[PDB]
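Undergrad: If it helps, the file is called coords_2.cif and holds mmCIF, N, CA and C atoms:
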```cif
data_data
#
loop_
_atom_site.label_atom_id
_atom_site.label_comp_id
_atom_site.auth_asym_id
_atom_site.auth_seq_id
_atom_site.Cartn_x
_atom_site.Cartn_y
_atom_site.Cartn_z
N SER V 18 -46.32 -83.20 -34.92
CA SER V 18 -45.19 -83.61 -35.81
C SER V 18 -45.38 -85.01 -36.39
N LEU V 19 -45.71 -85.08 -37.68
CA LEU V 19 -45.84 -86.34 -38.39
C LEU V 19 -44.44 -86.83 -38.75
N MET V 20 -44.23 -88.13 -38.69
CA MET V 20 -42.87 -88.65 -38.85
C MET V 20 -42.62 -89.24 -40.24
N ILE V 21 -43.49 -88.91 -41.20
CA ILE V 21 -43.39 -89.49 -42.55
C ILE V 21 -42.06 -89.17 -43.21
N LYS V 22 -41.38 -90.22 -43.66
CA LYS V 22 -40.11 -90.11 -44.37
C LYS V 22 -40.35 -90.25 -45.87
N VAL V 23 -39.40 -89.74 -46.65
CA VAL V 23 -39.43 -89.84 -48.11
C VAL V 23 -39.66 -91.28 -48.56
N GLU V 24 -38.93 -92.23 -47.98
CA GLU V 24 -39.08 -93.65 -48.35
C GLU V 24 -40.49 -94.22 -48.16
N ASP V 25 -41.31 -93.56 -47.34
CA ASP V 25 -42.68 -94.00 -47.04
C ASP V 25 -43.62 -93.71 -48.21
N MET V 26 -43.23 -92.78 -49.09
CA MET V 26 -44.13 -92.33 -50.15
C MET V 26 -43.54 -92.32 -51.55
N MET V 27 -42.23 -92.55 -51.66
CA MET V 27 -41.54 -92.54 -52.96
C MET V 27 -41.98 -93.71 -53.82
N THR V 28 -41.82 -93.55 -55.13
CA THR V 28 -41.95 -94.63 -56.09
C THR V 28 -40.67 -95.46 -55.97
N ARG V 29 -40.81 -96.73 -55.59
CA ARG V 29 -39.65 -97.60 -55.47
C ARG V 29 -39.39 -98.32 -56.81
N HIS V 30 -38.23 -98.93 -56.98
CA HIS V 30 -37.90 -99.61 -58.26
C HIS V 30 -38.27 -98.81 -59.51
N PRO V 31 -37.85 -97.52 -59.60
CA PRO V 31 -38.22 -96.82 -60.83
C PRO V 31 -37.48 -97.44 -62.02
N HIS V 32 -38.08 -97.35 -63.19
CA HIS V 32 -37.45 -97.70 -64.45
C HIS V 32 -36.37 -96.70 -64.77
N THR V 33 -35.21 -97.23 -65.10
CA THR V 33 -33.98 -96.45 -65.33
C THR V 33 -33.38 -96.82 -66.69
N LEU V 34 -32.41 -96.05 -67.15
CA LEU V 34 -31.73 -96.34 -68.42
C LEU V 34 -30.24 -96.11 -68.24
N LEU V 35 -29.40 -96.85 -69.00
CA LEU V 35 -27.95 -96.56 -69.06
C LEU V 35 -27.69 -95.27 -69.84
N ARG V 36 -26.55 -94.62 -69.56
CA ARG V 36 -26.25 -93.29 -70.14
C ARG V 36 -25.98 -93.32 -71.63
N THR V 37 -25.69 -94.53 -72.13
CA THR V 37 -25.51 -94.78 -73.55
C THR V 37 -26.77 -95.23 -74.28
N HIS V 38 -27.86 -95.48 -73.56
CA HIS V 38 -29.15 -95.55 -74.23
C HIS V 38 -29.47 -94.15 -74.76
N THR V 39 -30.53 -94.03 -75.56
CA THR V 39 -30.70 -92.80 -76.33
C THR V 39 -31.96 -92.03 -75.93
N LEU V 40 -32.08 -90.81 -76.46
CA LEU V 40 -33.34 -90.03 -76.40
C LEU V 40 -34.54 -90.89 -76.83
N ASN V 41 -34.35 -91.63 -77.93
CA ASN V 41 -35.41 -92.48 -78.47
C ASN V 41 -35.86 -93.54 -77.47
N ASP V 42 -34.92 -94.18 -76.78
CA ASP V 42 -35.25 -95.13 -75.74
C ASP V 42 -36.03 -94.50 -74.58
N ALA V 43 -35.59 -93.33 -74.13
CA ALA V 43 -36.26 -92.64 -73.02
C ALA V 43 -37.67 -92.22 -73.45
N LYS V 44 -37.78 -91.67 -74.65
CA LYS V 44 -39.10 -91.38 -75.25
C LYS V 44 -40.05 -92.59 -75.21
N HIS V 45 -39.59 -93.72 -75.74
CA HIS V 45 -40.38 -94.95 -75.78
C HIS V 45 -40.78 -95.45 -74.41
N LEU V 46 -39.85 -95.38 -73.46
CA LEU V 46 -40.12 -95.83 -72.12
C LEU V 46 -41.17 -94.92 -71.47
N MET V 47 -41.03 -93.61 -71.66
CA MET V 47 -42.01 -92.64 -71.15
C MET V 47 -43.42 -92.87 -71.72
N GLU V 48 -43.49 -93.11 -73.02
CA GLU V 48 -44.77 -93.46 -73.69
C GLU V 48 -45.37 -94.80 -73.23
N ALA V 49 -44.54 -95.83 -73.12
CA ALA V 49 -45.02 -97.15 -72.71
C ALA V 49 -45.65 -97.14 -71.32
N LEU V 50 -45.04 -96.40 -70.40
CA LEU V 50 -45.53 -96.39 -69.03
C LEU V 50 -46.31 -95.13 -68.67
N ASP V 51 -46.41 -94.19 -69.60
CA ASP V 51 -47.00 -92.88 -69.32
C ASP V 51 -46.35 -92.23 -68.10
N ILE V 52 -45.04 -92.08 -68.17
CA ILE V 52 -44.32 -91.37 -67.11
C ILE V 52 -43.50 -90.28 -67.78
N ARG V 53 -42.90 -89.42 -66.97
CA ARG V 53 -42.16 -88.31 -67.52
C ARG V 53 -40.76 -88.12 -66.93
N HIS V 54 -40.28 -89.08 -66.15
CA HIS V 54 -38.96 -88.96 -65.54
C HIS V 54 -38.29 -90.31 -65.51
N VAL V 55 -37.08 -90.36 -66.06
CA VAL V 55 -36.29 -91.57 -66.16
C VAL V 55 -34.90 -91.27 -65.62
N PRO V 56 -34.60 -91.80 -64.44
CA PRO V 56 -33.23 -91.71 -63.93
C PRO V 56 -32.24 -92.48 -64.86
N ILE V 57 -31.05 -91.90 -65.01
CA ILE V 57 -29.93 -92.50 -65.73
C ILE V 57 -28.95 -93.07 -64.70
N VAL V 58 -28.60 -94.35 -64.82
CA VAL V 58 -27.79 -95.01 -63.78
C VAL V 58 -26.65 -95.78 -64.41
N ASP V 59 -25.64 -96.14 -63.61
CA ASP V 59 -24.58 -97.04 -64.10
C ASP V 59 -24.99 -98.49 -63.83
N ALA V 60 -24.10 -99.44 -64.12
CA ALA V 60 -24.40 -100.86 -63.96
C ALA V 60 -24.74 -101.27 -62.54
N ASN V 61 -24.26 -100.51 -61.55
CA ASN V 61 -24.56 -100.78 -60.15
C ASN V 61 -25.67 -99.93 -59.57
N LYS V 62 -26.49 -99.37 -60.46
CA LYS V 62 -27.67 -98.60 -60.10
C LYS V 62 -27.33 -97.27 -59.45
N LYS V 63 -26.10 -96.80 -59.61
CA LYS V 63 -25.69 -95.50 -59.04
C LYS V 63 -26.20 -94.38 -59.95
N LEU V 64 -26.71 -93.34 -59.32
CA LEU V 64 -27.41 -92.30 -60.05
C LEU V 64 -26.39 -91.46 -60.77
N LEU V 65 -26.56 -91.30 -62.08
CA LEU V 65 -25.69 -90.44 -62.87
C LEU V 65 -26.41 -89.15 -63.29
N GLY V 66 -27.73 -89.21 -63.40
CA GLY V 66 -28.54 -88.05 -63.85
C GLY V 66 -29.99 -88.47 -64.05
N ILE V 67 -30.81 -87.60 -64.64
CA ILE V 67 -32.20 -87.90 -64.85
C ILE V 67 -32.69 -87.11 -66.07
N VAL V 68 -33.54 -87.72 -66.90
CA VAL V 68 -34.11 -87.00 -68.04
C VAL V 68 -35.63 -86.89 -67.86
N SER V 69 -36.17 -85.71 -68.13
CA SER V 69 -37.62 -85.50 -68.04
C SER V 69 -38.19 -85.44 -69.44
N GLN V 70 -39.51 -85.53 -69.55
CA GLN V 70 -40.15 -85.25 -70.85
C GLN V 70 -39.72 -83.88 -71.37
N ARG V 71 -39.61 -82.90 -70.47
CA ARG V 71 -39.19 -81.57 -70.88
C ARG V 71 -37.78 -81.57 -71.50
N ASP V 72 -36.87 -82.34 -70.93
CA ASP V 72 -35.52 -82.50 -71.51
C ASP V 72 -35.58 -83.07 -72.92
N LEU V 73 -36.38 -84.13 -73.09
CA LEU V 73 -36.48 -84.81 -74.39
C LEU V 73 -37.11 -83.88 -75.42
N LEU V 74 -38.16 -83.18 -75.00
CA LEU V 74 -38.86 -82.26 -75.89
C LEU V 74 -37.95 -81.10 -76.31
N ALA V 75 -37.18 -80.56 -75.37
CA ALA V 75 -36.22 -79.49 -75.70
C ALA V 75 -35.09 -79.95 -76.65
N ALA V 76 -34.60 -81.17 -76.48
CA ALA V 76 -33.55 -81.67 -77.37
C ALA V 76 -34.12 -81.88 -78.77
N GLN V 77 -35.33 -82.43 -78.85
CA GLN V 77 -35.99 -82.67 -80.14
C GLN V 77 -36.29 -81.36 -80.86
N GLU V 78 -36.84 -80.40 -80.13
CA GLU V 78 -37.12 -79.07 -80.69
C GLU V 78 -35.83 -78.35 -81.12
N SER V 79 -34.78 -78.47 -80.31
CA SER V 79 -33.49 -77.85 -80.63
C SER V 79 -32.79 -78.51 -81.82
N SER V 80 -33.29 -79.67 -82.23
CA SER V 80 -32.71 -80.41 -83.34
C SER V 80 -33.37 -80.04 -84.66
N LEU V 81 -34.66 -79.72 -84.61
CA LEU V 81 -35.34 -79.19 -85.78
C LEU V 81 -34.75 -77.80 -86.08
N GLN V 82 -33.68 -77.80 -86.88
CA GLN V 82 -32.87 -76.61 -87.10
C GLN V 82 -32.13 -76.68 -88.44
N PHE V 92 -33.17 -88.38 -82.34
CA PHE V 92 -33.61 -89.59 -81.69
C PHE V 92 -32.44 -90.44 -81.18
N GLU V 93 -31.26 -90.32 -81.81
CA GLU V 93 -30.08 -91.16 -81.53
C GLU V 93 -29.12 -90.59 -80.47
N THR V 94 -29.35 -89.34 -80.06
CA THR V 94 -28.48 -88.70 -79.07
C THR V 94 -28.35 -89.57 -77.82
N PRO V 95 -27.12 -89.90 -77.39
CA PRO V 95 -26.98 -90.63 -76.12
C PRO V 95 -27.50 -89.81 -74.93
N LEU V 96 -28.13 -90.49 -73.97
CA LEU V 96 -28.72 -89.80 -72.80
C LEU V 96 -27.70 -89.00 -71.99
N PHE V 97 -26.46 -89.49 -71.89
CA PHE V 97 -25.42 -88.69 -71.21
C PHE V 97 -25.24 -87.26 -71.81
N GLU V 98 -25.57 -87.10 -73.10
CA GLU V 98 -25.53 -85.76 -73.74
C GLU V 98 -26.78 -84.92 -73.46
N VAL V 99 -27.88 -85.57 -73.10
CA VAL V 99 -29.14 -84.87 -72.87
C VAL V 99 -29.31 -84.50 -71.38
N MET V 100 -28.88 -85.39 -70.49
CA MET V 100 -29.15 -85.17 -69.07
C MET V 100 -28.33 -83.98 -68.52
N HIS V 101 -28.96 -83.24 -67.61
CA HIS V 101 -28.32 -82.12 -66.92
C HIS V 101 -27.18 -82.61 -66.06
N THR V 102 -26.07 -81.86 -66.06
CA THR V 102 -24.89 -82.22 -65.27
C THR V 102 -25.12 -81.91 -63.78
N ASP V 103 -26.05 -81.01 -63.46
CA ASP V 103 -26.39 -80.77 -62.06
C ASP V 103 -27.49 -81.76 -61.65
N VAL V 104 -27.23 -82.53 -60.60
CA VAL V 104 -28.16 -83.56 -60.18
C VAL V 104 -28.59 -83.33 -58.71
N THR V 105 -29.90 -83.19 -58.48
CA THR V 105 -30.44 -82.97 -57.13
C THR V 105 -31.02 -84.30 -56.67
N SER V 106 -30.70 -84.70 -55.44
CA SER V 106 -31.21 -85.95 -54.87
C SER V 106 -31.44 -85.77 -53.37
N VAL V 107 -32.02 -86.80 -52.75
CA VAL V 107 -32.29 -86.78 -51.30
C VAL V 107 -32.07 -88.19 -50.74
N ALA V 108 -31.82 -88.29 -49.44
CA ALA V 108 -31.73 -89.61 -48.76
C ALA V 108 -33.11 -90.15 -48.38
N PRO V 109 -33.27 -91.50 -48.38
CA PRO V 109 -34.59 -92.08 -48.07
C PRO V 109 -35.14 -91.79 -46.67
N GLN V 110 -34.28 -91.50 -45.70
CA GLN V 110 -34.75 -91.21 -44.34
C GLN V 110 -35.21 -89.76 -44.17
N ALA V 111 -35.04 -88.92 -45.20
CA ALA V 111 -35.42 -87.50 -45.07
C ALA V 111 -36.90 -87.36 -44.71
N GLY V 112 -37.25 -86.30 -43.98
CA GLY V 112 -38.65 -86.05 -43.65
C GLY V 112 -39.40 -85.60 -44.90
N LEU V 113 -40.63 -86.08 -45.03
CA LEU V 113 -41.43 -85.79 -46.22
C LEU V 113 -41.75 -84.31 -46.32
N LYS V 114 -42.23 -83.67 -45.25
CA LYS V 114 -42.68 -82.27 -45.38
C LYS V 114 -41.48 -81.39 -45.75
N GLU V 115 -40.36 -81.66 -45.10
CA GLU V 115 -39.16 -80.88 -45.34
C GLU V 115 -38.73 -81.02 -46.81
N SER V 116 -38.80 -82.25 -47.32
CA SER V 116 -38.35 -82.53 -48.69
C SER V 116 -39.30 -81.91 -49.71
N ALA V 117 -40.60 -81.97 -49.42
CA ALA V 117 -41.60 -81.31 -50.32
C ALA V 117 -41.41 -79.80 -50.37
N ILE V 118 -41.18 -79.19 -49.20
CA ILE V 118 -40.94 -77.74 -49.14
C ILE V 118 -39.69 -77.38 -49.98
N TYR V 119 -38.65 -78.19 -49.86
CA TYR V 119 -37.45 -78.04 -50.68
C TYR V 119 -37.78 -78.11 -52.18
N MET V 120 -38.58 -79.09 -52.57
CA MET V 120 -38.96 -79.26 -53.98
C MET V 120 -39.76 -78.07 -54.48
N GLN V 121 -40.65 -77.60 -53.62
CA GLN V 121 -41.48 -76.43 -53.89
C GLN V 121 -40.62 -75.17 -54.12
N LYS V 122 -39.73 -74.91 -53.16
CA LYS V 122 -38.92 -73.68 -53.12
C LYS V 122 -37.98 -73.66 -54.31
N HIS V 123 -37.42 -74.82 -54.63
CA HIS V 123 -36.40 -74.91 -55.67
C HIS V 123 -36.96 -75.35 -57.02
N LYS V 124 -38.28 -75.39 -57.18
CA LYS V 124 -38.91 -75.82 -58.44
C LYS V 124 -38.32 -77.12 -59.03
N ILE V 125 -38.22 -78.12 -58.17
CA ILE V 125 -37.80 -79.45 -58.55
C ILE V 125 -39.06 -80.30 -58.74
N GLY V 126 -39.30 -80.76 -59.95
CA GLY V 126 -40.49 -81.59 -60.19
C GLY V 126 -40.34 -83.02 -59.70
N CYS V 127 -39.12 -83.56 -59.82
CA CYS V 127 -38.80 -84.94 -59.48
C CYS V 127 -37.49 -85.02 -58.70
N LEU V 128 -37.51 -85.72 -57.58
CA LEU V 128 -36.35 -85.83 -56.72
C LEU V 128 -35.97 -87.31 -56.57
N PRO V 129 -34.86 -87.74 -57.23
CA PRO V 129 -34.32 -89.08 -57.01
C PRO V 129 -33.92 -89.27 -55.56
N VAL V 130 -34.11 -90.48 -55.04
CA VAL V 130 -33.81 -90.83 -53.66
C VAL V 130 -32.65 -91.82 -53.74
N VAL V 131 -31.56 -91.49 -53.06
CA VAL V 131 -30.33 -92.28 -53.16
C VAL V 131 -29.83 -92.67 -51.76
N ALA V 132 -29.33 -93.90 -51.64
CA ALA V 132 -28.70 -94.38 -50.42
C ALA V 132 -27.36 -94.96 -50.87
N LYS V 133 -26.28 -94.38 -50.37
CA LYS V 133 -24.90 -94.83 -50.72
C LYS V 133 -24.64 -94.80 -52.23
N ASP V 134 -25.01 -93.69 -52.86
CA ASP V 134 -24.97 -93.53 -54.32
C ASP V 134 -26.00 -94.32 -55.12
N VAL V 135 -26.50 -95.44 -54.57
CA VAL V 135 -27.52 -96.29 -55.27
C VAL V 135 -28.88 -95.62 -55.31
N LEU V 136 -29.49 -95.60 -56.49
CA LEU V 136 -30.85 -95.08 -56.63
C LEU V 136 -31.84 -96.06 -56.01
N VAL V 137 -32.54 -95.65 -54.95
CA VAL V 137 -33.54 -96.52 -54.31
C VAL V 137 -35.00 -96.11 -54.64
N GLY V 138 -35.17 -94.92 -55.19
CA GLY V 138 -36.53 -94.50 -55.51
C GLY V 138 -36.53 -93.14 -56.17
N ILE V 139 -37.73 -92.66 -56.54
CA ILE V 139 -37.91 -91.27 -56.99
C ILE V 139 -39.15 -90.69 -56.34
N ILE V 140 -39.14 -89.36 -56.13
CA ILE V 140 -40.36 -88.66 -55.73
C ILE V 140 -40.85 -87.88 -56.93
N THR V 141 -42.07 -88.14 -57.37
CA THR V 141 -42.64 -87.35 -58.47
C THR V 141 -43.98 -86.75 -58.07
N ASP V 142 -44.50 -85.87 -58.93
CA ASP V 142 -45.83 -85.32 -58.68
C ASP V 142 -46.83 -86.46 -58.42
N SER V 143 -46.69 -87.58 -59.15
CA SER V 143 -47.61 -88.72 -58.94
C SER V 143 -47.63 -89.21 -57.48
N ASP V 144 -46.47 -89.20 -56.83
CA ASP V 144 -46.41 -89.60 -55.42
C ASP V 144 -47.15 -88.64 -54.49
N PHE V 145 -47.06 -87.34 -54.78
CA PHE V 145 -47.80 -86.32 -54.03
C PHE V 145 -49.30 -86.42 -54.23
N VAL V 146 -49.73 -86.77 -55.44
CA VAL V 146 -51.18 -87.06 -55.61
C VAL V 146 -51.67 -88.15 -54.65
N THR V 147 -50.93 -89.26 -54.57
CA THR V 147 -51.28 -90.39 -53.73
C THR V 147 -51.31 -89.97 -52.27
N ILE V 148 -50.28 -89.24 -51.86
CA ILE V 148 -50.25 -88.81 -50.49
C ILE V 148 -51.36 -87.78 -50.18
N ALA V 149 -51.70 -86.89 -51.13
CA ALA V 149 -52.84 -85.95 -50.94
C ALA V 149 -54.17 -86.71 -50.74
N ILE V 150 -54.37 -87.75 -51.55
CA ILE V 150 -55.56 -88.61 -51.42
C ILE V 150 -55.61 -89.25 -50.02
N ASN V 151 -54.51 -89.84 -49.58
CA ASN V 151 -54.51 -90.50 -48.27
C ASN V 151 -54.76 -89.52 -47.14
N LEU V 152 -54.19 -88.32 -47.23
CA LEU V 152 -54.44 -87.28 -46.21
C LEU V 152 -55.90 -86.80 -46.22
N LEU V 153 -56.46 -86.63 -47.41
CA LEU V 153 -57.86 -86.21 -47.50
C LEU V 153 -58.77 -87.31 -46.95
N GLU V 154 -58.45 -88.56 -47.27
CA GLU V 154 -59.18 -89.72 -46.71
C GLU V 154 -59.15 -89.74 -45.18
N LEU V 155 -57.98 -89.45 -44.62
CA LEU V 155 -57.79 -89.35 -43.18
C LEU V 155 -58.64 -88.24 -42.59
N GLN V 156 -58.61 -87.08 -43.25
CA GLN V 156 -59.37 -85.92 -42.82
C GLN V 156 -60.89 -86.21 -42.84
N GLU V 157 -61.33 -86.99 -43.83
CA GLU V 157 -62.73 -87.44 -43.90
C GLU V 157 -63.10 -88.40 -42.77
N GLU V 158 -62.22 -89.36 -42.50
CA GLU V 158 -62.32 -90.23 -41.34
C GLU V 158 -62.01 -89.44 -40.09
#
```
Represent the supplied structure as structure tokens.
TA:
Amino acid sequence: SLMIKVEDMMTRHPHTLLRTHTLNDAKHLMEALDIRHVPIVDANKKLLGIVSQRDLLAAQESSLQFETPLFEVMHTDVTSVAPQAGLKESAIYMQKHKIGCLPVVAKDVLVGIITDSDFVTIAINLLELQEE
């Protein structure tokens, strides 16, 4: 039994946006950092939702028929986890429920995110261990 917790492998201090910032802002932020998930938070860093590249692409495609506020784009259903959660359990949850990115929250405050990028890092460290 490995005791790895979500907080041990999550991306800490993720870049976030206010709900009144726009699709265009989230697009730009995603391009600048080459990321695909931007949590939406209030002034006290409390998680309100999250937008993915897929969300932005679907809104843009659905418009061909940039200024939309993020609160209109983000899904009203929000999945999150606590930082003390076990890593294997949380990954299995993400797998089973087809969740690509899982925000990590403590007392409503966003403390981190789990993304595919975090699993790459952890796969590398495990393979390195297996080699050693």
Undergrad: For this structure, which residues satisfy the selection - the PyMOL selection byres ((chain V and resi 51-57) around 7) - when it is evaluated on the file as given? I want them as a VMD selection string.
TA: chain V and resid 31 to 36 43 46 to 50 58 to 59 62 to 71
Undergrad: Limited to N, CA and C atoms, could you put the picked residues into a file as a PDB file, keeping the file's coordinate frame?
TA:
```pdb
ATOM      1  N   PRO V  31     -37.850 -97.520 -59.600  1.00  0.00           N
ATOM      2  CA  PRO V  31     -38.220 -96.820 -60.830  1.00  0.00           C
ATOM      3  C   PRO V  31     -37.480 -97.440 -62.020  1.00  0.00           C
ATOM      4  N   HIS V  32     -38.080 -97.350 -63.190  1.00  0.00           N
ATOM      5  CA  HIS V  32     -37.450 -97.700 -64.450  1.00  0.00           C
ATOM      6  C   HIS V  32     -36.370 -96.700 -64.770  1.00  0.00           C
ATOM      7  N   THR V  33     -35.210 -97.230 -65.100  1.00  0.00           N
ATOM      8  CA  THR V  33     -33.980 -96.450 -65.330  1.00  0.00           C
ATOM      9  C   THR V  33     -33.380 -96.820 -66.690  1.00  0.00           C
ATOM     10  N   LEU V  34     -32.410 -96.050 -67.150  1.00  0.00           N
ATOM     11  CA  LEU V  34     -31.730 -96.340 -68.420  1.00  0.00           C
ATOM     12  C   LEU V  34     -30.240 -96.110 -68.240  1.00  0.00           C
ATOM     13  N   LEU V  35     -29.400 -96.850 -69.000  1.00  0.00           N
ATOM     14  CA  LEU V  35     -27.950 -96.560 -69.060  1.00  0.00           C
ATOM     15  C   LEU V  35     -27.690 -95.270 -69.840  1.00  0.00           C
ATOM     16  N   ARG V  36     -26.550 -94.620 -69.560  1.00  0.00           N
ATOM     17  CA  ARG V  36     -26.250 -93.290 -70.140  1.00  0.00           C
ATOM     18  C   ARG V  36     -25.980 -93.320 -71.630  1.00  0.00           C
ATOM     19  N   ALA V  43     -35.590 -93.330 -74.130  1.00  0.00           N
ATOM     20  CA  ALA V  43     -36.260 -92.640 -73.020  1.00  0.00           C
ATOM     21  C   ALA V  43     -37.670 -92.220 -73.450  1.00  0.00           C
ATOM     22  N   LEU V  46     -39.850 -95.380 -73.460  1.00  0.00           N
ATOM     23  CA  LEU V  46     -40.120 -95.830 -72.120  1.00  0.00           C
ATOM     24  C   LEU V  46     -41.170 -94.920 -71.470  1.00  0.00           C
ATOM     25  N   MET V  47     -41.030 -93.610 -71.660  1.00  0.00           N
ATOM     26  CA  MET V  47     -42.010 -92.640 -71.150  1.00  0.00           C
ATOM     27  C   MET V  47     -43.420 -92.870 -71.720  1.00  0.00           C
ATOM     28  N   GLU V  48     -43.490 -93.110 -73.020  1.00  0.00           N
ATOM     29  CA  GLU V  48     -44.770 -93.460 -73.690  1.00  0.00           C
ATOM     30  C   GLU V  48     -45.370 -94.800 -73.230  1.00  0.00           C
ATOM     31  N   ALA V  49     -44.540 -95.830 -73.120  1.00  0.00           N
ATOM     32  CA  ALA V  49     -45.020 -97.150 -72.710  1.00  0.00           C
ATOM     33  C   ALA V  49     -45.650 -97.140 -71.320  1.00  0.00           C
ATOM     34  N   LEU V  50     -45.040 -96.400 -70.400  1.00  0.00           N
ATOM     35  CA  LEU V  50     -45.530 -96.390 -69.030  1.00  0.00           C
ATOM     36  C   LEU V  50     -46.310 -95.130 -68.670  1.00  0.00           C
ATOM     37  N   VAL V  58     -28.600 -94.350 -64.820  1.00  0.00           N
ATOM     38  CA  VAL V  58     -27.790 -95.010 -63.780  1.00  0.00           C
ATOM     39  C   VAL V  58     -26.650 -95.780 -64.410  1.00  0.00           C
ATOM     40  N   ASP V  59     -25.640 -96.140 -63.610  1.00  0.00           N
ATOM     41  CA  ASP V  59     -24.580 -97.040 -64.100  1.00  0.00           C
ATOM     42  C   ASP V  59     -24.990 -98.490 -63.830  1.00  0.00           C
ATOM     43  N   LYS V  62     -26.490 -99.370 -60.460  1.00  0.00           N
ATOM     44  CA  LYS V  62     -27.670 -98.600 -60.100  1.00  0.00           C
ATOM     45  C   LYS V  62     -27.330 -97.270 -59.450  1.00  0.00           C
ATOM     46  N   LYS V  63     -26.100 -96.800 -59.610  1.00  0.00           N
ATOM     47  CA  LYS V  63     -25.690 -95.500 -59.040  1.00  0.00           C
ATOM     48  C   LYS V  63     -26.200 -94.380 -59.950  1.00  0.00           C
ATOM     49  N   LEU V  64     -26.710 -93.340 -59.320  1.00  0.00           N
ATOM     50  CA  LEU V  64     -27.410 -92.300 -60.050  1.00  0.00           C
ATOM     51  C   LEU V  64     -26.390 -91.460 -60.770  1.00  0.00           C
ATOM     52  N   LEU V  65     -26.560 -91.300 -62.080  1.00  0.00           N
ATOM     53  CA  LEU V  65     -25.690 -90.440 -62.870  1.00  0.00           C
ATOM     54  C   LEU V  65     -26.410 -89.150 -63.290  1.00  0.00           C
ATOM     55  N   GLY V  66     -27.730 -89.210 -63.400  1.00  0.00           N
ATOM     56  CA  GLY V  66     -28.540 -88.050 -63.850  1.00  0.00           C
ATOM     57  C   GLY V  66     -29.990 -88.470 -64.050  1.00  0.00           C
ATOM     58  N   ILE V  67     -30.810 -87.600 -64.640  1.00  0.00           N
ATOM     59  CA  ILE V  67     -32.200 -87.900 -64.850  1.00  0.00           C
ATOM     60  C   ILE V  67     -32.690 -87.110 -66.070  1.00  0.00           C
ATOM     61  N   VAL V  68     -33.540 -87.720 -66.900  1.00  0.00           N
ATOM     62  CA  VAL V  68     -34.110 -87.000 -68.040  1.00  0.00           C
ATOM     63  C   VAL V  68     -35.630 -86.890 -67.860  1.00  0.00           C
ATOM     64  N   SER V  69     -36.170 -85.710 -68.130  1.00  0.00           N
ATOM     65  CA  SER V  69     -37.620 -85.500 -68.040  1.00  0.00           C
ATOM     66  C   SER V  69     -38.190 -85.440 -69.440  1.00  0.00           C
ATOM     67  N   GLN V  70     -39.510 -85.530 -69.550  1.00  0.00           N
ATOM     68  CA  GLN V  70     -40.150 -85.250 -70.850  1.00  0.00           C
ATOM     69  C   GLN V  70     -39.720 -83.880 -71.370  1.00  0.00           C
ATOM     70  N   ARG V  71     -39.610 -82.900 -70.470  1.00  0.00           N
ATOM     71  CA  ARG V  71     -39.190 -81.570 -70.880  1.00  0.00           C
ATOM     72  C   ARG V  71     -37.780 -81.570 -71.500  1.00  0.00           C
TER      73      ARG V  71
END
```
Undergrad: Quick one: pick out all helix (DSSP H, G or I) residues within stretch 24-110 of chain V from a backbone DSSP run and write them as a PyMOL selection string.
TA: chain V and resi 24-25+40-50+70-80+96-99
Undergrad: So, counting only N, CA and C atoms, which residue among V:118, V:75, V:113, V:107 is closest to residue V:131?
TA: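 Closest residue, counting only N, CA and C atoms: V:107.
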Undergrad: Any idea what's packed within 6 Å of stretch 134-142 of chain V, counting all atoms listed in the file, ignoring anything in its chain fewer than 2 positions away? Could you give it as a list in words?
TA: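 My list of contacting residues is residues 27, 28, 29, 30, 31, 61, 62, 63, 64, 126, 127, 128, 129, 130, 131, 132, 144, 145 and 146 of chain V.
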Undergrad: Name the residues in contact with residue V:94 at a cut-off of 12 Å, using only C-alpha atoms, excluding same-chain residues fewer than 3 positions from it; report them as an MDAnalysis selection string.
TA: chainID V and resid 36:44 73 76:77 80 97:100
Undergrad: Evaluating the PyMOL selection byres ((chain V and resi 114) around 8) on the displayed file yields which residues, as an NGL selection string?
TA: :V and (19-23 or 111-113 or 115-120)
Undergrad: Quick one: pick out all strand (DSSP E) residues within stretch 23-133 of chain V from a backbone DSSP run and write them as a VMD selection string.
TA: chain V and resid 28 to 29 54 to 58 64 to 69 128 to 132
Undergrad: Interatomic distance between atom CA of residue V:106 and atom CA of residue V:74?
TA: 22.7 Å
